[PDB]
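Here's the structure, in structure tokens; my notes come after.
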Amino acid sequence: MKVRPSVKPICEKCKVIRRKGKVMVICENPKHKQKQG
Amino acid sequence: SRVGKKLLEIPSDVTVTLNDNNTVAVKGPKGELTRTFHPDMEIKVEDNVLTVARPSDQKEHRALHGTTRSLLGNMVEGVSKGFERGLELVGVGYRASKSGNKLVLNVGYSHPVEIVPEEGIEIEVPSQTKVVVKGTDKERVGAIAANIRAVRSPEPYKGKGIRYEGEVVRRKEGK
Amino acid sequence: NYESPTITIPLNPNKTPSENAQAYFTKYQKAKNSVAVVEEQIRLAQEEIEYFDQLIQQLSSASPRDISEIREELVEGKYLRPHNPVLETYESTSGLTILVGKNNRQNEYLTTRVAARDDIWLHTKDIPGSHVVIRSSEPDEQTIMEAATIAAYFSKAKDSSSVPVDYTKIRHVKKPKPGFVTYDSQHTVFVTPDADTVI
Amino acid sequence: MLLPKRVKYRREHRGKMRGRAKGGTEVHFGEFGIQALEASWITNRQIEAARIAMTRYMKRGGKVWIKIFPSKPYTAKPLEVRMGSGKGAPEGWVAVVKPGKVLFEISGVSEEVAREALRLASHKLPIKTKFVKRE
Amino acid sequence: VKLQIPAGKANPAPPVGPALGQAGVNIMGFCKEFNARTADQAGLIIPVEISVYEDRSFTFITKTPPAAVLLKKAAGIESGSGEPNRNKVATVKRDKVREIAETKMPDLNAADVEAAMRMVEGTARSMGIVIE
Amino acid sequence: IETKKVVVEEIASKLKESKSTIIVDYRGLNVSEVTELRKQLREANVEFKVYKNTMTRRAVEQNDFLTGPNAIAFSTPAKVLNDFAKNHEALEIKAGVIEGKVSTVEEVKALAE
RNA sequence: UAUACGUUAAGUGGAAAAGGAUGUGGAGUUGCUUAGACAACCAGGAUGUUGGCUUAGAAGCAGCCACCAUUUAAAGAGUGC
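Quick note, the sequences are listed as chains A, B, C, D, E and F, same order.
Its first residue numbered 1, the first sequence is counted upward by one per residue in UniProt numbering.
Its first residue numbered 2, the second sequence is counted upward by one per residue in UniProt numbering.
Residues 350 to 351, 355 to 434, 446 to 539, 543 to 565 in UniProt numbering are what the third sequence spells out, letter by letter.
Its first residue numbered 1, the fourth sequence is counted upward by one per residue in UniProt numbering.
Its first residue numbered 9, the fifth sequence is counted upward by one per residue in UniProt numbering.
Residues 5 to 66, 73 to 86, 92 to 128 in UniProt numbering are what the sixth sequence spells out, letter by letter.
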């Protein structure tokens, strides 16, 4: 997990989604895993 | 290119009862199982098949039309599947048994742990690692599967802990 | 050993047969790389040793203009720090003129700049000396003997007769690296000498 | 650090930013430009930061045709000082903008490389802009 | 398992002693079976595929040598081109292509002679050789 | 889609010119078993290829068999196919034709036996 | 608690940026595309060749050149594990 405002994926298996009105990056990788808040 | 566009069936031993506008019940060999719903979706049981229409070509009515298969809602994504989840642990002394229907648990702690299959589940412990939840509700079966695996979930630094038996676990290279 | 000694090795418990096998290969290639590095270093070192000996080969025949010329050669070698001054020649005893390659660079100027290909060339056969050439003069018995003679008594082995200078067409005279030239495809002529004929 | 080596007056009145770019609003010395949507006062350190960014993403990247030059100076008085006592002292340089103005053309390198290079260039910057190319 | 061994050699443990030591065969036993069947040149190279049934009932098919080997013997190279399409360190003939066809058209893997040659020349350019 | 028209055109050319052909489902067998089959049919000189079902059906009308992934073997054979089939048994022998003699499964079997 | 036509859902409205974003609705452009596309699922994903070099071994996957040709529906001298 990584907070930032400048969220965006890294790999291609990094995947863009939304959750609870908030933007997130799924990936396989926790060290790609992200979201804003 | 769609989930909901299908015409979704009434195979056998099935009995709907539209108890009101949106209150509906089902019987089948899987069991008798009932719900109540939103009014916009015009849901209509035909000979051997159910059909639904949405009043408005809208984002949520799409969700519903995609949950148009079997029992009542997402359980109108469930009946004719009919459900279970196995689980095999990954351990050394990690194991379990049952207290009747209930479940006895001997894993990683100064104490053991106890669990109950309240909702007509059958737990089956064919082996000390092999256990199976079985029922007819995706919600409930997956729910307890996760409840369990959260307790002693599996590990990165070793393959330990509970496992969704079909999982592709992250093998962090056990350091 | 497919040989059959049955060595009982060290194998490092808590570390796999794989791990320790490829670690054996790791130390193998490691000692291999270390020693091969050190052996090409030492190969550079041996060619450097005979490069001193070659510098000295020319130096024992060097004159003071060659002292300055080799100071330039060692700016080139990086070893020193101080304009067309190619080389010189001498009067052969056979009433000819022999170009006297008097240094590394003077040899470049007397042979690689001045002399002609397929000419008669000569260098001191393992004696500390300079080279010479009967450039565009196919050194006959007399001329080749006199040139090999001037070399045979101009070397630091001037006491040793039978200086066996390999002569032939300069077409085969090799050149390289840098300062790595040779005179090959060549028949040896053993010579002795007097001195004052050169002038 | 872009400079004018020589100047008439070390100092100026400050200036304003109204309206739009007179000229140089389109790539024609190069191929693939970037242009303004705003305007501000800009430093040679910033533009050369973009330079090194794009030319490392590209590693020699093509050719540019920079459109600008930091003609304007600006002053900066010393610190914890009161008003007056004459205008402050010249500090650095300034490069001014109008919206619609092109800043950097590019040529000799692929359009996609151009896009990403100027992405990394743009994210340096205080402004809003967009990619452009020749007619 | 594919092996790649000269027709006359036997008991190179390190190649197959692993490869069929988990299978557990006589190293020299099977390698001299191989030499008895391919009683031919040592220093040569035969590709040979061994098929083992679950009960350890091993059989195998020996096959024609590599064109790499034949043309190392032809041109006289040890390594192929250090950089094919930049260095060509070896040269053969169209006649050599036909010789190798007639040698190995049993093992060749395109029904036509010309498509056989297309594949053969795919390999010739793989290893970086020119034609005479 | 003029390129689609060229594709359908060329396939139509061969598909009209087809005078004897046996038609089969292909599924569940690797490229190497496939290439074994190809070796034996190549030496059989019975010309095997692979084509698509929309287009095959448009020819037949020019159908219930015709769905599913279908390959063909021209003549102008099915014994080799019996061999491969009983040897391997991941196929179907749905239909065939000889000089326009559109063939049942049992009829292609008779032609194949 | 006006009328008509659309908007948003954040209480934005009713406090602000860089920047982010399959948010949204609107127009508009443009290739695939019901000879059925895309996805899912099923079938395959092969041959010389483990391409050659180097490497103890480099075998699609240490690194270097090559990156060919064939069954071909198509499978790379290999996209990643």
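C-beta atoms are modelled at their ideal positions from N, C-alpha and C, and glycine is treated no differently.
With DSSP run on the structure shown, which of helix, strand or coil describes residue i?
{"i": "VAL12 of chain F", "result": "helix"}
{"i": "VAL38 of chain F", "result": "helix"}
{"i": "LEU363 of chain C", "result": "coil"}
{"i": "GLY37 of chain E", "result": "helix"}
{"i": "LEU485 of chain C", "result": "strand"}
{"i": "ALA383 of chain C", "result": "helix"}
{"i": "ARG395 of chain C", "result": "helix"}
{"i": "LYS430 of chain C", "result": "coil"}
{"i": "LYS22 of chain A", "result": "strand"}
{"i": "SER370 of chain C", "result": "helix"}
{"i": "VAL117 of chain F", "result": "coil"}
{"i": "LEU11 of chain E", "result": "strand"}
{"i": "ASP48 of chain E", "result": "coil"}
{"i": "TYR376 of chain C", "result": "helix"}
{"i": "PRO4 of chain D", "result": "coil"}
Should residue i go down as buried or exposed, given a rule of 16 or more other Cβ atoms within 10 Å for buried?
{"i": "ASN102 of chain F", "result": "exposed"}
{"i": "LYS53 of chain F", "result": "exposed"}
{"i": "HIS112 of chain B", "result": "exposed"}
{"i": "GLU509 of chain C", "result": "buried"}
{"i": "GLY111 of chain F", "result": "buried"}
{"i": "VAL9 of chain E", "result": "exposed"}
{"i": "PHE556 of chain C", "result": "exposed"}
{"i": "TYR549 of chain C", "result": "buried"}
{"i": "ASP418 of chain C", "result": "buried"}
{"i": "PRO155 of chain B", "result": "buried"}
{"i": "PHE99 of chain F", "result": "buried"}
{"i": "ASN80 of chain F", "result": "buried"}
{"i": "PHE546 of chain C", "result": "exposed"}
{"i": "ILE401 of chain C", "result": "exposed"}
{"i": "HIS494 of chain C", "result": "buried"}
Roughly how many whole angstroms lie between the Cα atoms of residue i and residue j?
{"i": "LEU450 of chain C", "j": "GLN469 of chain C", "result": "5 Å"}
{"i": "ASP48 of chain E", "j": "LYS40 of chain E", "result": "12 Å"}
{"i": "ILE85 of chain E", "j": "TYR403 of chain C", "result": "34 Å"}
{"i": "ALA16 of chain F", "j": "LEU45 of chain F", "result": "24 Å"}
{"i": "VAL134 of chain B", "j": "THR16 of chain B", "result": "26 Å"}
{"i": "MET127 of chain E", "j": "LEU116 of chain E", "result": "8 Å"}
{"i": "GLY79 of chain B", "j": "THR69 of chain B", "result": "10 Å"}
{"i": "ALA125 of chain F", "j": "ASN73 of chain F", "result": "21 Å"}
{"i": "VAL526 of chain C", "j": "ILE54 of chain E", "result": "57 Å"}
{"i": "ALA127 of chain F", "j": "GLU107 of chain E", "result": "39 Å"}
{"i": "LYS20 of chain A", "j": "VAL152 of chain B", "result": "27 Å"}
{"i": "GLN66 of chain F", "j": "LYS43 of chain F", "result": "32 Å"}
{"i": "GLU21 of chain F", "j": "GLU114 of chain F", "result": "10 Å"}
{"i": "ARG115 of chain D", "j": "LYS130 of chain D", "result": "10 Å"}
{"i": "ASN75 of chain B", "j": "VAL25 of chain B", "result": "14 Å"}
{"i": "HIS66 of chain B", "j": "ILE44 of chain B", "result": "10 Å"}
{"i": "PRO9 of chain A", "j": "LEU120 of chain D", "result": "16 Å"}
{"i": "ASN95 of chain E", "j": "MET135 of chain E", "result": "11 Å"}
{"i": "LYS98 of chain D", "j": "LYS22 of chain D", "result": "8 Å"}
{"i": "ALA388 of chain C", "j": "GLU91 of chain E", "result": "25 Å"}
{"i": "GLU125 of chain B", "j": "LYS379 of chain C", "result": "54 Å"}
{"i": "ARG4 of chain A", "j": "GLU12 of chain A", "result": "20 Å"}
Q. Are there three or more Cβ pairs, one per stretch, closer than 8 Å when the region 103-112 of chain D is compared with the region 29-42 of chain D?
A. Yes: at least three Cβ pairs fall under 8 Å.
Q) Which runs of the alpha helix (DSSP H) fall wholly inside the region 23-74 of chain B and span at least 4 residues, in chain order? A) Within the region 23-74 of chain B, the complete alpha helix (DSSP H) runs of at least 4 residues are 60-67.
Q | Contact between the region 126-135 of chain D and the region 56-71 of chain D (3+ Cβ pairs under 8 Å) | A | The region 126-135 of chain D makes no contact with the region 56-71 of chain D: fewer than 3 CB pairs, one atom from each, lie closer than 8 Å.
Q: Evaluate the contact criterion for the region 525-539 of chain C versus the region 481-488 of chain C: three or more CB pairs, one atom per stretch, below 8 Å.
A: Contact between the region 525-539 of chain C and the region 481-488 of chain C is established, with three or more Cβ pairs separated by less than 8 Å.
**Q.** Three-pair Cβ contact test at 8 Å for the region 56-65 of chain D versus the region 10-21 of chain E
**A.** No: fewer than three Cβ pairs fall under 8 Å.
Q: List in chain order: all unbroken beta strand (DSSP E) runs of 3+ residues lying wholly within the region 109-173 of chain B.
A: Counting only runs of 3 or more, we get 114-116, 123-125 and 131-136.
(Q) Could you check whether the region 421-434 of chain C touches the region 460-475 of chain C, counting it as contact only if at least three pairs of C-beta atoms, one from each stretch, sit closer than 8 Å? (A) The region 421-434 of chain C and the region 460-475 of chain C touch, with no fewer than 3 CB-CB distances between them shorter than 8 Å.
**Q.** Three-pair Cβ contact test at 8 Å for the region 83-93 of chain B versus the region 142-151 of chain B
**A.** With three or more CB-CB distances shorter than 8 Å, the region 83-93 of chain B counts as touching the region 142-151 of chain B.
Q) Are there three or more Cβ pairs, one per stretch, closer than 8 Å when the region 116-130 of chain B is compared with the region 360-370 of chain C? A) Because the criterion of three Cβ pairs below 8 Å is not met, the region 116-130 of chain B and the region 360-370 of chain C do not touch.
Q) Between the region 55-66 of chain B and the region 94-109 of chain B, do at least 3 Cβ pairs fall closer than 8 Å? A) As far as the Cβ criterion goes, the region 55-66 of chain B does not touch the region 94-109 of chain B, which means the pair count is below three.
Q: Return the chain-ordered ranges of every alpha helix (DSSP H) run that is complete within the region 27-76 of chain D and spans a minimum of 4 residues.
A: Within the region 27-76 of chain D, the complete alpha helix (DSSP H) segments of 4 residues or longer fall at 44-57, listed in chain order.
Q) In chain order, which alpha helix (DSSP H) runs of at least 4 residues are fully inside the region 448-480 of chain C? A) DSSP runs (the alpha helix (DSSP H)) wholly in the region 448-480 of chain C: 467-470.
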